[PDB]
Structures are given as structure tokens and as C-alpha cells.
>>> print(open('entry-v3.csv').read())   # CSV, C-alpha atoms and all ligand atoms
chain,number,residue,atom,x,y,z
A,1,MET,CA,91.7,25.3,192.9
A,2,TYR,CA,93.6,27.8,190.8
A,3,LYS,CA,93.6,31.5,191.0
A,4,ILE,CA,93.2,32.8,187.5
A,5,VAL,CA,94.8,36.3,186.9
A,6,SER,CA,94.8,38.5,183.8
A,7,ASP,CA,95.9,42.0,182.9
A,8,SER,CA,93.0,44.4,182.2
A,9,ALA,CA,93.4,44.1,178.4
A,10,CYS,CA,91.0,41.1,178.4
A,11,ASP,CA,88.0,43.3,179.0
A,12,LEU,CA,86.0,40.6,180.8
A,13,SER,CA,82.8,41.9,182.4
A,14,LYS,CA,82.4,42.7,186.1
A,15,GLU,CA,79.9,39.9,186.2
A,16,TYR,CA,82.2,37.3,184.7
A,17,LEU,CA,85.1,38.2,187.1
A,18,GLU,CA,82.9,37.7,190.1
A,19,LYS,CA,81.2,34.5,188.8
A,20,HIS,CA,84.5,32.8,187.8
A,21,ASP,CA,86.9,34.2,190.4
A,22,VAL,CA,89.2,36.0,187.9
A,23,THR,CA,91.5,38.7,189.3
A,24,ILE,CA,92.6,41.6,187.1
A,25,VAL,CA,95.9,43.5,187.1
A,26,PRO,CA,95.3,46.9,185.6
A,27,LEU,CA,97.2,48.7,182.8
A,28,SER,CA,97.2,52.5,183.1
A,29,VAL,CA,96.2,55.4,180.8
A,30,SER,CA,97.4,59.0,180.7
A,31,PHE,CA,95.9,61.9,178.9
A,32,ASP,CA,98.7,64.4,179.5
A,33,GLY,CA,101.6,62.0,179.6
A,34,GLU,CA,102.3,62.9,183.2
A,35,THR,CA,99.5,61.6,185.4
A,36,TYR,CA,98.4,58.0,184.9
A,37,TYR,CA,95.2,56.2,186.0
A,38,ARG,CA,94.8,52.5,186.5
A,39,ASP,CA,92.3,51.0,184.1
A,40,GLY,CA,88.9,50.5,185.7
A,41,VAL,CA,90.3,51.4,189.1
A,42,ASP,CA,91.3,55.1,189.0
A,43,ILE,CA,89.1,55.8,185.9
A,44,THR,CA,86.3,54.1,184.1
A,45,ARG,CA,86.1,52.7,180.6
A,46,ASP,CA,83.2,55.0,179.6
A,47,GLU,CA,85.0,58.2,180.9
A,48,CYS,CA,88.0,57.4,178.8
A,49,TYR,CA,86.0,56.9,175.6
A,50,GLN,CA,84.3,60.3,176.3
A,51,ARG,CA,87.6,62.2,176.6
A,52,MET,CA,88.5,60.9,173.2
A,53,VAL,CA,85.1,61.5,171.6
A,54,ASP,CA,85.0,65.1,173.0
A,55,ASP,CA,88.5,65.8,171.7
A,56,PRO,CA,89.5,64.2,168.3
A,57,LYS,CA,93.0,65.6,168.7
A,58,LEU,CA,93.6,63.9,172.1
A,59,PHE,CA,95.9,60.9,171.8
A,60,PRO,CA,96.2,59.2,175.3
A,61,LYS,CA,99.0,56.9,176.3
A,62,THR,CA,98.9,53.4,177.8
A,63,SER,CA,101.3,51.9,180.2
A,64,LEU,CA,102.0,48.3,181.1
A,65,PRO,CA,101.4,47.2,184.7
A,66,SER,CA,104.3,47.6,187.0
A,67,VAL,CA,106.2,44.5,188.2
A,68,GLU,CA,105.1,45.3,191.8
A,69,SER,CA,101.4,45.3,190.8
A,70,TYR,CA,101.7,41.7,189.5
A,71,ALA,CA,104.0,40.7,192.4
A,72,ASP,CA,101.5,41.9,195.1
A,73,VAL,CA,98.7,39.8,193.5
A,74,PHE,CA,100.9,36.7,193.0
A,75,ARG,CA,102.2,37.0,196.6
A,76,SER,CA,98.9,37.3,198.3
A,77,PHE,CA,97.6,34.1,196.5
A,78,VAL,CA,100.8,32.2,197.0
A,79,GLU,CA,101.1,32.7,200.8
A,80,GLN,CA,97.6,31.2,200.9
A,81,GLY,CA,98.9,28.1,199.1
A,82,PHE,CA,97.0,28.8,195.9
A,83,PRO,CA,98.6,27.9,192.5
A,84,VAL,CA,98.4,30.9,190.1
A,85,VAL,CA,97.8,31.1,186.4
A,86,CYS,CA,98.3,34.5,184.8
A,87,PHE,CA,97.3,35.6,181.3
A,88,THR,CA,98.6,38.8,179.6
A,89,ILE,CA,98.0,40.6,176.4
A,90,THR,CA,100.2,39.5,173.4
A,91,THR,CA,103.9,40.3,173.9
A,92,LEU,CA,103.9,41.8,170.5
A,93,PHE,CA,101.7,44.7,171.8
A,94,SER,CA,103.0,45.3,175.3
A,95,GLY,CA,105.6,44.5,177.9
A,96,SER,CA,102.9,43.3,180.2
A,97,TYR,CA,104.0,39.7,179.9
A,98,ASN,CA,107.5,40.5,180.9
A,99,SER,CA,106.4,42.5,183.9
A,100,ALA,CA,104.6,39.4,185.1
A,101,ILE,CA,107.6,37.2,184.4
A,102,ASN,CA,109.8,39.6,186.5
A,103,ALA,CA,107.0,39.6,189.2
A,104,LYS,CA,106.9,35.8,189.3
A,105,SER,CA,110.7,35.8,189.9
A,106,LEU,CA,110.4,38.4,192.7
A,107,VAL,CA,107.8,36.3,194.6
A,108,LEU,CA,109.8,33.2,194.3
A,109,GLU,CA,112.5,34.7,196.4
A,110,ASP,CA,110.1,35.0,199.3
A,111,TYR,CA,108.1,31.9,198.5
A,112,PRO,CA,110.4,29.3,196.8
A,113,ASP,CA,107.7,26.6,196.8
A,114,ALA,CA,105.1,28.7,195.0
A,115,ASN,CA,103.3,27.7,191.8
A,116,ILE,CA,102.9,30.6,189.3
A,117,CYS,CA,102.4,30.0,185.6
A,118,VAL,CA,102.6,33.1,183.4
A,119,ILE,CA,101.0,32.9,179.9
A,120,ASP,CA,101.5,35.2,176.9
A,121,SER,CA,98.0,34.8,175.6
A,122,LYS,CA,99.0,36.0,172.1
A,123,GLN,CA,95.5,37.7,172.2
A,124,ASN,CA,93.9,40.9,173.2
A,125,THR,CA,90.4,42.1,174.3
A,126,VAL,CA,87.7,39.6,173.0
A,127,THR,CA,90.1,36.8,172.1
A,128,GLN,CA,92.0,37.2,175.4
A,129,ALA,CA,88.6,36.9,177.1
A,130,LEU,CA,87.7,33.8,174.9
A,131,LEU,CA,91.0,32.1,175.8
A,132,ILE,CA,90.7,32.8,179.5
A,133,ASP,CA,87.1,31.5,179.3
A,134,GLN,CA,88.3,28.3,177.6
A,135,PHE,CA,90.7,27.8,180.5
A,136,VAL,CA,88.0,28.5,183.1
A,137,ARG,CA,85.8,26.0,181.3
A,138,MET,CA,88.5,23.3,181.3
A,139,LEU,CA,89.1,23.6,185.0
A,140,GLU,CA,85.4,23.7,185.9
A,141,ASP,CA,84.9,20.6,183.7
A,142,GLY,CA,87.5,18.8,185.8
A,143,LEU,CA,90.5,18.8,183.6
A,144,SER,CA,93.9,19.0,185.4
A,145,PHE,CA,96.2,21.9,184.9
A,146,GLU,CA,98.4,19.7,182.8
A,147,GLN,CA,95.5,18.5,180.6
A,148,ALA,CA,94.5,22.1,180.0
A,149,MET,CA,98.0,23.3,179.1
A,150,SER,CA,98.3,20.5,176.5
A,151,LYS,CA,95.4,22.2,174.6
A,152,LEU,CA,96.6,25.8,175.1
A,153,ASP,CA,98.8,26.1,171.9
A,154,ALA,CA,96.0,24.9,169.6
A,155,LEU,CA,93.5,27.2,171.3
A,156,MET,CA,95.7,30.2,170.8
A,157,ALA,CA,96.5,29.3,167.2
A,158,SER,CA,92.7,29.1,166.5
A,159,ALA,CA,91.8,32.5,167.9
A,160,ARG,CA,90.9,35.3,165.6
A,161,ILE,CA,89.6,38.9,165.9
A,162,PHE,CA,87.9,40.4,162.9
A,163,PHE,CA,87.3,44.1,163.2
A,164,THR,CA,87.3,47.6,162.0
A,165,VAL,CA,88.1,51.1,163.4
A,166,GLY,CA,87.2,54.7,162.7
A,167,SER,CA,90.6,55.8,161.4
A,168,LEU,CA,94.2,54.9,161.4
A,169,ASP,CA,95.2,57.9,163.5
A,170,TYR,CA,95.3,56.1,166.9
A,171,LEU,CA,97.0,52.9,165.7
A,172,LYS,CA,99.8,54.9,164.0
A,173,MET,CA,100.3,57.3,166.9
A,174,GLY,CA,100.4,54.5,169.5
A,175,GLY,CA,103.0,52.5,167.6
A,176,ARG,CA,101.2,49.1,167.1
A,177,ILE,CA,99.8,49.7,163.6
A,178,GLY,CA,102.4,47.4,162.0
A,179,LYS,CA,101.3,45.6,158.9
A,180,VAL,CA,97.9,47.5,158.8
A,181,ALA,CA,99.9,50.5,157.5
A,182,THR,CA,100.1,50.2,153.7
A,183,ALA,CA,99.9,52.5,150.7
A,184,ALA,CA,96.2,51.6,150.3
A,185,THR,CA,95.2,52.3,153.9
A,186,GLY,CA,97.1,55.6,154.0
A,187,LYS,CA,94.7,57.1,151.4
A,188,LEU,CA,92.2,59.8,152.5
A,189,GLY,CA,88.9,58.4,153.8
A,190,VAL,CA,90.0,54.7,154.0
A,191,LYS,CA,89.6,52.4,157.0
A,192,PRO,CA,91.0,48.9,157.4
A,193,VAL,CA,89.3,45.6,158.0
A,194,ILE,CA,91.8,44.1,160.5
A,195,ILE,CA,92.6,40.5,161.5
A,196,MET,CA,94.3,39.6,164.7
A,197,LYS,CA,96.0,36.2,164.5
A,198,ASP,CA,99.2,34.6,165.8
A,199,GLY,CA,99.7,37.4,168.3
A,200,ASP,CA,99.6,40.4,166.0
A,201,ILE,CA,97.4,42.4,163.5
A,202,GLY,CA,97.3,42.3,159.7
A,203,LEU,CA,95.1,43.8,156.9
A,204,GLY,CA,92.1,41.8,155.9
A,205,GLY,CA,90.4,44.4,153.6
A,206,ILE,CA,89.6,48.1,153.2
A,207,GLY,CA,86.6,50.4,152.8
A,208,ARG,CA,85.1,53.8,153.5
A,209,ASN,CA,81.5,53.4,154.7
A,210,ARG,CA,81.0,52.2,158.3
A,211,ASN,CA,78.1,49.8,157.4
A,212,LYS,CA,80.0,48.4,154.4
A,213,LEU,CA,83.1,47.9,156.5
A,214,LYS,CA,81.1,46.0,159.1
A,215,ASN,CA,79.7,43.8,156.3
A,216,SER,CA,83.3,43.1,155.2
A,217,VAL,CA,84.3,42.2,158.7
A,218,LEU,CA,81.5,39.6,158.7
A,219,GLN,CA,82.5,38.2,155.3
A,220,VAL,CA,86.1,37.7,156.4
A,221,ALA,CA,85.0,36.0,159.6
A,222,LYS,CA,82.6,33.8,157.6
A,223,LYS,CA,85.3,32.6,155.3
A,224,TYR,CA,87.5,31.6,158.3
A,225,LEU,CA,84.7,29.9,160.1
A,226,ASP,CA,83.5,28.0,157.0
A,227,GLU,CA,87.0,26.8,156.3
A,228,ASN,CA,87.5,25.5,159.9
A,229,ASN,CA,84.1,24.2,160.9
A,230,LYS,CA,81.9,26.8,162.3
A,231,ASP,CA,80.2,24.4,164.8
A,232,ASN,CA,83.5,23.9,166.5
A,233,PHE,CA,84.0,27.6,167.5
A,234,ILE,CA,82.8,30.0,170.2
A,235,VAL,CA,81.9,33.5,168.9
A,236,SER,CA,81.7,36.8,170.8
A,237,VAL,CA,81.4,40.5,169.9
A,238,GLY,CA,83.3,43.6,171.0
A,239,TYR,CA,82.0,47.1,170.7
A,240,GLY,CA,83.4,50.6,171.3
A,241,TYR,CA,81.7,53.9,172.2
A,242,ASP,CA,78.3,53.2,170.6
A,243,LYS,CA,76.6,50.4,172.6
A,244,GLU,CA,73.5,50.4,170.4
A,245,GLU,CA,75.6,49.8,167.3
A,246,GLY,CA,77.2,46.9,169.2
A,247,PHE,CA,73.9,45.2,170.1
A,248,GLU,CA,72.7,45.7,166.5
A,249,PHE,CA,76.0,44.3,165.2
A,250,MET,CA,75.5,41.2,167.4
A,251,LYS,CA,72.3,40.6,165.5
A,252,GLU,CA,74.0,40.9,162.1
A,253,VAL,CA,76.7,38.5,163.3
A,254,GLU,CA,74.2,35.9,164.4
A,255,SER,CA,72.2,36.2,161.2
A,256,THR,CA,75.1,36.3,158.8
A,257,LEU,CA,77.1,33.5,160.4
A,258,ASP,CA,74.1,31.5,161.6
A,259,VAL,CA,75.5,31.2,165.1
A,260,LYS,CA,74.4,32.2,168.6
A,261,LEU,CA,76.9,34.4,170.4
A,262,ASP,CA,78.5,33.2,173.7
A,263,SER,CA,77.3,36.3,175.6
A,264,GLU,CA,79.5,35.7,178.6
A,265,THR,CA,82.5,36.7,176.6
A,266,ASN,CA,81.0,39.6,174.6
A,267,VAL,CA,83.0,42.7,175.7
A,268,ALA,CA,82.8,46.4,175.9
A,269,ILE,CA,86.2,47.0,174.4
A,270,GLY,CA,88.4,48.4,177.1
A,271,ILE,CA,90.7,51.4,177.6
A,272,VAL,CA,93.9,49.4,176.7
A,273,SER,CA,92.6,48.7,173.1
A,274,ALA,CA,90.6,51.9,172.7
A,275,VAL,CA,93.6,54.2,173.3
A,276,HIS,CA,95.1,52.5,170.3
A,277,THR,CA,92.1,51.9,168.0
A,278,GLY,CA,90.2,55.1,168.8
A,279,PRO,CA,86.8,55.2,170.3
A,280,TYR,CA,85.1,53.4,167.3
A,281,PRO,CA,86.3,49.8,167.1
A,282,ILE,CA,83.8,47.0,166.4
A,283,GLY,CA,84.2,43.4,165.6
A,284,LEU,CA,84.0,39.8,166.7
A,285,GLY,CA,86.4,37.2,168.1
A,286,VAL,CA,86.3,33.4,167.7
A,287,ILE,CA,88.1,30.5,169.3
A,288,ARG,CA,88.0,26.7,169.1
A,289,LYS,CA,86.0,24.9,171.7
A,290,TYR,CA,88.6,22.9,173.7
A,291,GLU,CA,86.3,19.8,173.6
A,292,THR,CA,86.9,19.6,169.9
A,293,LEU,CA,90.7,19.6,169.9
B,1,LIG,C1,86.2,43.0,168.6
B,1,LIG,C2,87.5,43.7,169.2
B,1,LIG,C3,88.1,44.7,168.3
B,1,LIG,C4,89.2,45.5,168.9
B,1,LIG,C5,90.5,44.7,168.6
B,1,LIG,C6,91.8,45.6,168.9
B,1,LIG,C7,93.0,44.6,169.0
B,1,LIG,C8,94.2,45.1,168.2
B,1,LIG,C9,94.4,46.6,168.0
B,1,LIG,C10,95.8,47.1,168.4
B,1,LIG,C11,95.8,47.1,170.0
B,1,LIG,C12,97.2,47.7,170.5
B,1,LIG,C13,97.1,47.7,172.0
B,1,LIG,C14,98.5,48.1,172.6
B,1,LIG,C15,98.4,48.2,174.2
B,1,LIG,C16,99.8,48.7,174.8
B,1,LIG,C17,99.7,48.5,176.3
B,1,LIG,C18,101.0,49.1,177.0
B,1,LIG,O1,101.3,50.3,177.0
B,1,LIG,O2,101.9,48.3,177.3
>>> encode(input="entry-v3.csv", output="C-alpha cells", more="lines below")
Ligand SMILES: CCCCCCCCCCCCCCCCCC(=O)O
Amino acid sequence: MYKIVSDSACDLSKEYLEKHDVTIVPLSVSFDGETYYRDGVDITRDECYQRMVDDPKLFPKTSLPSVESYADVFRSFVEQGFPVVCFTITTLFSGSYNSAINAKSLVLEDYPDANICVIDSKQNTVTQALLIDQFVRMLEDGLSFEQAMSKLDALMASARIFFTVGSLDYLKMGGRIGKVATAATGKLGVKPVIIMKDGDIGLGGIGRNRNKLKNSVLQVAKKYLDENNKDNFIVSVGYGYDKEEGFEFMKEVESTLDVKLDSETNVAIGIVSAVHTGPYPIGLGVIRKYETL
């Protein structure tokens, strides 16, 4: 029996965490740059979105989890004899992974025969949730840790997020915009269609109208799924401030792609991503079914 751990960027539902025994190590958010609140623990996802929606000039800051936060979780499981597997947001967005690496080392000092595996998921939000869920599936289906790890690279390489946001303001201010900043996207009124793959974000298209942008998101995903064998993928949706739009989007996804969503890994996009996307991200994530690899 493994104790699966993730940082809070994965956005897995309360229900999922209880059902599959996944433990979350929270990132923090600050609105004034002085006081920080642990994601989901000291503040709720809905409250954070509200602060941003109420104040379009407010740019909050995120902070990686402390080494001690990871260490206390690792330690409590390890002294019970549990092997630990810990997933983090992509190292290209956050130093979360390296906090966990330092925390593993800390715990080893006091428990030299401890089994702790730290994984740079190379994902975020929906695809981090999809990857964790593939791992949860493999272990529940009776694969050994080694058998599951032998599929990890291919799973991570196959993951994609296809999404759009309300503006470039938060991405630029938060420093992770990277290749999504171009001459075209810098023009007044334009929003990007964004693709997350291989641990980072890139530009998949542009537009101006919310509904047209969501249609472009779907067309970009459809091309990828068609190329790679749609039947062999799990598909889930992530939504931001407007839950109704999210549910309606899920219908468009199922209709356009001719799939049924895996609802367990649908996510209300969390604070970690929202601080950087703004309160209006919407999109879908996909990942290969391990069985097909
Ligand atoms: C369907 C899901 C759509 C939302 C996808 C958003 C994923 C990529 C957007 C960029 C996210 C940057 C997050 C950086 C978090 C930094 C945390 C920290 O301070 O260490």
C-alpha cells in the first residue's frame, strides 16, 4: 500500500482525495505580498476567485510549499512504514518539486530505510490530476510500483491541456507566460488558445470572442486526439469562476469530440493556476490510458 501525495496544483476534488487516499501538500497565495494563506486550508478556492473578480487590478502571488510542509507529511507516513509517492506541478512553473526533493533528504536523515519517490509530473491542474489518477488506477489494478513507473514517461509525454483564458495580464505579471507572449497575442483584445505539453505552455491559436475561442480550443484538441487515437485517451474538463459555463462546456466537449468525460478528474481549476491565468480559464486535459501503452 502506497501513500500517494501531491501538491495542491493538481486540483483533485475533495471526493477524489477521500475515495483514493491522496494527501495534498498546499501551495500558498497572498493578496498583499505580506500575508500568505495555504491553498484550500487557510482560504478557499471560491473566495480567491472572488477577490480577483471583484478587483481586476489585483494581482495575487503564489508561493511554493515549504520544505518543512512536505517533510512533515513524508515523515508521518514513513514512521508508519508506508512507502510514499509524491507528485508535484511541473518544475518549469514552480520550485515545488525541489522543495519535495529537499524534504525527502531531510526525512532520510531520521529514517534512513524510508521509501520516498518524488515525481516532477510535468503537468498542472487537470493533467496533473489525470496523471495521478492513472497512477491510482495502476496500483488499484494490481500493478507493482515498478510496473507503474515503467509507464510513467509515456503517460507524461501523452498528456495535453488545451485551454483559453480571459486576458494575458495574469500570465505576464506572474512570470510564467513564456512562449504564449508573442507579437500577435500582445495586440489589444486578443486572447490565446494555449497548449500545455512537455511540461510547459505554448501558443495553439488566437481569437477575441469567448465562444469562438472555446470552439478553437476544441478544434485543437480534436486534431491531437484524432492523430493519436481518441479511443486510447481519458478526457476531463477544467473550469474557472463560472461553473455554469464549465458544465455547458463539458457538453460541447462530449459532442464535438464524441467522447464521454471521465468525471472523477474534471476539476474546478484551483488557486495555484488561477492566480496565473486570471479567474476565467476554461479547457480540457487528456492523457493516454495506461492499459494501451
Ligand atoms: C483546463 C485547465 C486550464 C488551466 C491550465 C493552466 C495551466 C498553465 C497556465 C500557467 C500556470 C502557471 C502556474 C505557476 C504556479 C507557481 C507556483 C509557485 O509560486 O511556485
>>> residues_near_ligand(input="entry-v3.csv", ligand="ligand LIG 1 (chain B)", cutoff="6 Å", atoms="only C-alpha atoms and all ligand atoms", output="PyMOL selection string")
chain A and resi 62-64+93-96+124+126+161+163+176+237-238+272-273+276-277+281-285
>>> residues_around(input="entry-v3.csv", residues="residue 99 of chain A", least_positions_apart="6", cutoff="8 Å", atoms="all atoms listed in the file", output="list in words")
residues 64, 65, 66, 67 and 70 of chain A
>>> write_last_selection(input="entry-v3.csv", atoms="C-alpha atoms", output="mmCIF file, in the coordinates of the input")
data_model
loop_
_atom_site.group_PDB
_atom_site.id
_atom_site.type_symbol
_atom_site.label_atom_id
_atom_site.label_comp_id
_atom_site.auth_asym_id
_atom_site.auth_seq_id
_atom_site.Cartn_x
_atom_site.Cartn_y
_atom_site.Cartn_z
ATOM 1 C CA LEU A 64 102.000 48.300 181.100
ATOM 2 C CA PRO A 65 101.400 47.200 184.700
ATOM 3 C CA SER A 66 104.300 47.600 187.000
ATOM 4 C CA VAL A 67 106.200 44.500 188.200
ATOM 5 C CA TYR A 70 101.700 41.700 189.500
#
>>> residues_around(input="entry-v3.csv", residues="segment 33-49 of chain A", least_positions_apart="4", cutoff="8 Å", atoms="all atoms listed in the file", output="CSV table (one decimal) with C-alpha atoms, in the coordinates of the input")
chain,number,residue,atom,x,y,z
A,8,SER,CA,93.0,44.4,182.2
A,26,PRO,CA,95.3,46.9,185.6
A,27,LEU,CA,97.2,48.7,182.8
A,28,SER,CA,97.2,52.5,183.1
A,29,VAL,CA,96.2,55.4,180.8
A,53,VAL,CA,85.1,61.5,171.6
A,60,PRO,CA,96.2,59.2,175.3
A,61,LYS,CA,99.0,56.9,176.3
A,241,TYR,CA,81.7,53.9,172.2
A,270,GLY,CA,88.4,48.4,177.1
A,271,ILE,CA,90.7,51.4,177.6
A,272,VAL,CA,93.9,49.4,176.7
A,274,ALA,CA,90.6,51.9,172.7
A,279,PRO,CA,86.8,55.2,170.3
>>> closest_residue(input="entry-v3.csv", among="A:155, A:118, A:261, A:103", to="residue 91 of chain A", atoms="only C-alpha atoms")
A:118
>>> atom_distance(input="entry-v3.csv", atom1="atom CA of residue 268 of chain A", atom2="atom CA of residue 240 of chain A")
6.3 Å
>>> residues_around(input="entry-v3.csv", residues="segment 182-192 of chain A", least_positions_apart="5", cutoff="8 Å", atoms="all atoms listed in the file", output="PDB file with C-alpha atoms, in the coordinates of the input")
ATOM      1  CA  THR A 164      87.300  47.600 162.000  1.00  0.00           C
ATOM      2  CA  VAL A 165      88.100  51.100 163.400  1.00  0.00           C
ATOM      3  CA  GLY A 166      87.200  54.700 162.700  1.00  0.00           C
ATOM      4  CA  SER A 167      90.600  55.800 161.400  1.00  0.00           C
ATOM      5  CA  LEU A 168      94.200  54.900 161.400  1.00  0.00           C
ATOM      6  CA  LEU A 203      95.100  43.800 156.900  1.00  0.00           C
ATOM      7  CA  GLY A 204      92.100  41.800 155.900  1.00  0.00           C
ATOM      8  CA  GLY A 205      90.400  44.400 153.600  1.00  0.00           C
ATOM      9  CA  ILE A 206      89.600  48.100 153.200  1.00  0.00           C
ATOM     10  CA  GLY A 207      86.600  50.400 152.800  1.00  0.00           C
ATOM     11  CA  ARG A 208      85.100  53.800 153.500  1.00  0.00           C
ATOM     12  CA  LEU A 213      83.100  47.900 156.500  1.00  0.00           C
TER      13      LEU A 213
END
>>> atom_distance(input="entry-v3.csv", atom1="atom CA of residue 133 of chain A", atom2="atom CA of residue 16 of chain A")
9.3 Å
>>> residues_around(input="entry-v3.csv", residues="residue 253 of chain A", least_positions_apart="5", cutoff="8 Å", atoms="only C-alpha atoms", output="short mmCIF file (atom, residue, chain, number, x, y, z; two decimals) with C-alpha atoms, in the frame of the given file")
data_model
loop_
_atom_site.label_atom_id
_atom_site.label_comp_id
_atom_site.auth_asym_id
_atom_site.auth_seq_id
_atom_site.Cartn_x
_atom_site.Cartn_y
_atom_site.Cartn_z
CA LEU A 218 81.50 39.60 158.70
CA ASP A 258 74.10 31.50 161.60
CA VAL A 259 75.50 31.20 165.10
#
>>> residues_around(input="entry-v3.csv", residues="residue 90 of chain A", least_positions_apart="4", cutoff="7 Å", atoms="only C-alpha atoms", output="number ranges by chain")
A: 94, 120-124, 199
>>> decode(input="entry-v3.csv", residues="segment 190-213 of chain A", atoms="C-alpha atoms", output="short mmCIF file (atom, residue, chain, number, x, y, z; two decimals), in the first residue's frame")
data_model
loop_
_atom_site.label_atom_id
_atom_site.label_comp_id
_atom_site.auth_asym_id
_atom_site.auth_seq_id
_atom_site.Cartn_x
_atom_site.Cartn_y
_atom_site.Cartn_z
CA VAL A 190 -6.67 39.22 -28.28
CA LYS A 191 -6.68 36.07 -26.16
CA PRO A 192 -4.58 32.93 -26.71
CA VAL A 193 -5.56 29.35 -27.23
CA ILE A 194 -2.88 27.65 -25.16
CA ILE A 195 -1.44 24.16 -25.17
CA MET A 196 0.39 22.59 -22.26
CA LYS A 197 2.74 19.83 -23.27
CA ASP A 198 6.13 18.53 -22.30
CA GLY A 199 5.98 20.46 -19.01
CA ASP A 200 5.36 23.96 -20.36
CA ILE A 201 2.88 26.18 -22.28
CA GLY A 202 2.86 27.24 -25.92
CA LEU A 203 0.55 29.08 -28.29
CA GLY A 204 -2.04 27.00 -30.15
CA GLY A 205 -4.12 29.79 -31.71
CA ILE A 206 -5.69 33.21 -31.03
CA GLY A 207 -9.06 34.97 -31.03
CA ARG A 208 -11.26 37.64 -29.43
CA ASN A 209 -14.69 36.19 -28.73
CA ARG A 210 -15.09 33.84 -25.74
CA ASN A 211 -17.34 31.40 -27.61
CA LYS A 212 -15.12 31.32 -30.69
CA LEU A 213 -12.05 30.79 -28.51
#
